[PDB]
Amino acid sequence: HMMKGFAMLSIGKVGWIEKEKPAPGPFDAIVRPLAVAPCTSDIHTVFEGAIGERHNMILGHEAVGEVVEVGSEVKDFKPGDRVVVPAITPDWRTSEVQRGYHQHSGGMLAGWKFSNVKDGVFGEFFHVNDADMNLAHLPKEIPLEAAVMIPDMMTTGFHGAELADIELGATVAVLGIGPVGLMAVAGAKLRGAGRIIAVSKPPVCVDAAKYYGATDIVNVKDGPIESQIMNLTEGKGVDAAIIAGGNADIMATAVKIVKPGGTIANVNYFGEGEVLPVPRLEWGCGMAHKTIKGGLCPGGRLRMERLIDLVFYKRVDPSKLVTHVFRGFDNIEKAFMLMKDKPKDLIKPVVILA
């Protein structure tokens, strides 16, 4: 009745632990993973303690799997179903849900439970709260390596594009093309952007940017970002800027390149610094109408259902994000380490457990 899981032992230390296999509440489900993917979040969780001290916590929160047990009141999911599990699995009966922000259901960022306040998906099984509200059915027609890009990568990048308030034909710059960065680009093509400028530090995975809708690549090795983008837009700037990675000073770049009345949409997790700087003069001394938004990705069944459809109806192919495919539980560790030691060919690895 036991299970192995790849865990954070303490800040700096990871290892395999072994626990009682979890029991579902009346509304929850127990899922075994079919594919999983590690993210930079887990590294900052373990090695920089970006979310504080943790002890013997199974890592990972991007998984698609097979439901194996359901509580007595779970009505839409039965043992055997292939499901897509959003990284964010909020508690759906809170006053924040009545306000429309499920990401923060029960506290700030509290919709994010995996490898934060509960054991994550890097185990033989994991626990999904409120199955009927927090799982989506996975069509057979969608491959696992593509599906596992939906729980975080796709929903975050697309949320960047949602937050940017893009108008048809607007010119959009994307700052940082990690895997989320690339999805922000597809997210902008999905909101009808015209010109899409992808800005990356070397090494640039250019083909991926162009594939997902980029019209220009800006490489920081060719000069400051603000200068490159102003020159491309003949001084007008961009209608929106999506921040999908970088240091705190990238926020000032965003304000500096967005035209008045445009929007800076941040989806990046800033791990260091006490304040994120907003430049005074380039924010109009507070009046340039440059709206700044910054949000955690949506989770829950509906968001997953809606992005699955984007994948199924051939609107976006997230499989080009997957640069490494491993098989078998032992490789979960190997894949985890690839995210620390950042190589050159790497976007995102996927471990298929089958």
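Residue positions are given as counts along the sequence shown, with the first one as 1.
If you average the CA temperature factors as listed in the entry, which stretch comes out higher, 275 to 283 or 68 to 76?
The recorded data point to 275 to 283.
May I ask you to compare 127 to 135 and 247 to 255 by their mean CA B factor in the entry and name the higher one?
For C-alpha atoms only, the mean B-factor is higher in 247 to 255.
Sort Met3, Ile347, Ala7, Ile352 by C-alpha B-factor from the entry and give me just the highest.
That would be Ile347, according to the entry.
Take the CA temperature factors straight from the PDB entry and tell me which of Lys293, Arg315, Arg303, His289 peaks.
Largest recorded C-alpha B-factor: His289.
Please rank the C-alpha B-factors of the chain's modelled residues and tell me whether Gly107 sits in the lowest, middle or highest third.
For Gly107, the deposited C-alpha B-factor lands in the highest third.
Considering only modelled residues of the same chain, in which third does the CA B-factor of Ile196 rank: lowest, middle or highest?
For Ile196, whose C-alpha B-factor we compare with every modelled residue in the chain, the answer is the middle third.
Relative to the other modelled residues of the same chain, rank the CA B-factor of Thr40 and answer lowest, middle or highest third.
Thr40: CA B-factor falls in the highest third of its chain.
Which third of the chain holds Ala29 when residues are ordered by C-alpha B factor: lowest, middle or highest?
Lowest third - that is where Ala29 ends up once the chain's C-alpha B-factors are sorted.
Divide the modelled residues of the chain into thirds by Cα B-factor and specify which third, lowest, middle or highest, holds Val311.
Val311: CA B-factor falls in the lowest third of its chain.
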